[PDB]
Amino acid sequence: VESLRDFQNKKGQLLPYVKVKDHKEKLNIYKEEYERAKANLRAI
């Protein structure tokens with residue numbers, strides 16, 4: 001039972017999901033910064 005438990009533990013994995021969310025928020029922040037700087041320097 002405990003070996004099967006650690007088997008499902010090794011199955012999950014979670015690292016792809018956390019990398020997905022990390023790269024998503026990174027791209028969002030980067031796009032926000034790009035738009036902000038572009039608008040600011042266009043106005044200036």
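Sequence order sets the numbers: each chain starts from 1, possibly unlike the entry numbering, and residues with no coordinates are not included. In this entry, the chains presented are a subset of a larger assembly, and the associated values cover only that subset. Side-chain calculation: all heavy atoms of the structure are included, whereas hydrogens and water are not.

- For this deposited structure, the header cites cryo-EM as the method used and 6.9 Å as the resolution.

Focus on the overall build of the protein chain
Phase 1: Strands here are runs of E lasting at least two residues and helices are runs of H or I lasting at least four, both read from the DSSP assignment and numbered beginning at the N terminus. A count of helices and strands for the protein chain gives two helices and zero strands.
Phase 2: Counting only C-alpha atoms and orienting by the principal axes, one finds that the protein chain spans roughly 65 × 10 × 5 Å.
Phase 3: Using a 1.4 Å probe on the protein chains alone, a residue whose accessible area is under 20% of its type maximum counts as buried, one over 50% counts as exposed, and one in between counts as partly exposed. Every one of the 44 residues in the protein chain was classed for burial, and the buried ones make up 0%.
Phase 4: We treat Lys and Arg as the positive residues and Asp and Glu as the negative residues; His and chain ends play no part in the count. Every charge is mapped onto a representative atom, which is NZ of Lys, CZ of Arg, CG of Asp or CD of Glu. Each charge class in the protein chain was averaged separately, 11 positive and 7 negative side chains, and the resulting centres sit 4 Å apart.

Points about the pattern of salt bridges
Phase 1: A pair is scored as a salt bridge if a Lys or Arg side-chain nitrogen falls within 4 Å of a carboxyl oxygen belonging to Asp or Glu. Inspection of the entire model under this criterion finds two salt bridges.
Phase 2: Two residues, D22 and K26, come together in a salt bridge whose shortest N-O distance is 3.5 Å. Remark: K26 and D22 occur in helix α2 (residues 14-43); sequence separation between them is four residues, near one turn of the helix.
Phase 3: You can call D22 partly exposed: its relative accessible area is 27%.
Phase 4: For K26, a relative accessible area of 37% corresponds to the partly exposed category.

Let's talk about a nonpolar patch on the surface
Phase 1: Exposure above 30% relative accessible area and the lack of any salt bridge qualify a residue for a patch; like charges then connect within 9 Å, and the nonpolar side chains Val, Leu, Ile, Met, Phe, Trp and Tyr within 5 Å. For the area figures, the Shrake-Rupley method with a 1.4 Å probe applies, and any residue is considered shielded solely by the protein chains shown. Together, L14, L15, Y17 and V18 give the surface a local cluster of nonpolar side chains, amounting to about 420 Å² of exposed area.
Phase 2: Among the secondary structure elements, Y17 is positioned in helix α2.

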